[PDB]
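Okay, structure first, notes after.
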Amino acid sequence: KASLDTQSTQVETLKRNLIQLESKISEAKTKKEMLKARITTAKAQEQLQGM
Amino acid sequence: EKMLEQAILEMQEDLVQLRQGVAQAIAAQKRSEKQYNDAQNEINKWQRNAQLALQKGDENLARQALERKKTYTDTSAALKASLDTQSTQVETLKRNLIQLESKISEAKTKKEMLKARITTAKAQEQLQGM
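Those protein sequence lines, which keep their order, are chains VB and A.
Here the first sequence stands for residues 105 to 155, numbered as in the entry's author numbering.
Here the second sequence stands for residues 26 to 155, numbered as in the entry's author numbering.
Next comes the structure, spelled out in structure tokens:
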């Protein structure tokens, strides 16, 4: 019983981690789009300086 | 797991030897008992022979048969001394087996608890990789 009450905490603790990572991976994919926007702009300014 | 499985298999095989040692200890008790019982029988046999010698008029042989009784009585005492001292081990070794029986069950229960905290430790490491 002692172990049962102590081992149950992990289940809920590990469940919270999965819930938090589910929304963090979606934000990582959204960062890509934003990263490409500033990467294309940075290159655009470099192309403007070559004239 | 690797450090529990190996311990669980080695802690269970050691109990077999303990039980075998108790069997030998039990055998010893019975072995000495018979020897002590034979000594008593020997003494009794001598008594009859000594008494038979007295009835026939051979006191000389009867006196020599009394020495055997004393000799066997002294041997009995020696055997008795060991018997009383060797019995302690039987009960002492029996207590060890009784205690180890519940300790091996707790060792198996620790595995489950160990895996719970091991999965949690790895879970936190996976959360830090994001």
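Cβ coordinates follow ideal geometry from the N, Cα and C atoms, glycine included.
Less than 8 Å between C-beta atoms, sequence neighbours within five positions excluded: which residues of the same chain meet that for residue i?
i                     : result
residue 140 (chain A) : 26
residue 121 (chain A) : 43
Quick check: the Cα distance between residue i and residue j, rounded to an integer number of angstroms?
i                      : j                     : result
residue 151 (chain VB) : residue 145 (chain A) : 51 Å
residue 135 (chain A)  : residue 61 (chain A)  : 49 Å
residue 108 (chain VB) : residue 28 (chain A)  : 22 Å
residue 84 (chain A)   : residue 66 (chain A)  : 22 Å
residue 110 (chain A)  : residue 123 (chain A) : 21 Å
residue 86 (chain A)   : residue 78 (chain A)  : 6 Å
Does the beta carbon of residue i sit closer than 8 Å to a beta carbon anywhere in chain VB?
i                     : result
residue 64 (chain A)  : no
residue 139 (chain A) : no
residue 155 (chain A) : yes
residue 29 (chain A)  : no
residue 152 (chain A) : yes
residue 50 (chain A)  : no
Within the 8 Å Cβ cut-off, does residue i reach chain A?
i                      : result
residue 133 (chain VB) : no
residue 130 (chain VB) : no
residue 127 (chain VB) : no
residue 144 (chain VB) : no
residue 118 (chain VB) : yes
residue 111 (chain VB) : yes
residue 114 (chain VB) : yes
Could you round the C-beta distance between residue i and residue j to whole angstroms and report it? I think they count as a contact, below 8 Å.
i                     : j                     : result
residue 118 (chain A) : residue 34 (chain A)  : About 22 Å separates the two Cβ atoms, so there is no contact after all.
residue 68 (chain A)  : residue 98 (chain A)  : 6 Å
residue 100 (chain A) : residue 53 (chain A)  : About 17 Å separates the two Cβ atoms, so there is no contact after all.
residue 32 (chain A)  : residue 132 (chain A) : 7 Å
residue 93 (chain A)  : residue 71 (chain A)  : 5 Å
Please work out which residues of its chain come closer than 7 Å, Cβ to Cβ, to residue i, disregarding the five sequence neighbours upstream and downstream, and give them in chain order.
i                    : result
residue 91 (chain A) : 75
Using the beta-carbon of each residue, which ones in chain B are nearer than 9 Å to residue i?
i                     : result
residue 148 (chain A) : Of the protein chains in the structure, VB and A, none is chain B.
Tell me whether residue i, by its Cβ, gets closer than 7 Å to a heavy atom of the ligand ADP.
i                    : result
residue 67 (chain A) : Absence of the ligand ADP from the depicted structure is noted, as is the absence of any ligand whatsoever, leaving it without description.
Exercise. Entirely within the region 80-123 of chain A and at least 4 residues each: give me those alpha helix (DSSP H) ranges in chain order.
Key: Within the region 80-123 of chain A, no complete alpha helix (DSSP H) run reaches 4 residues.
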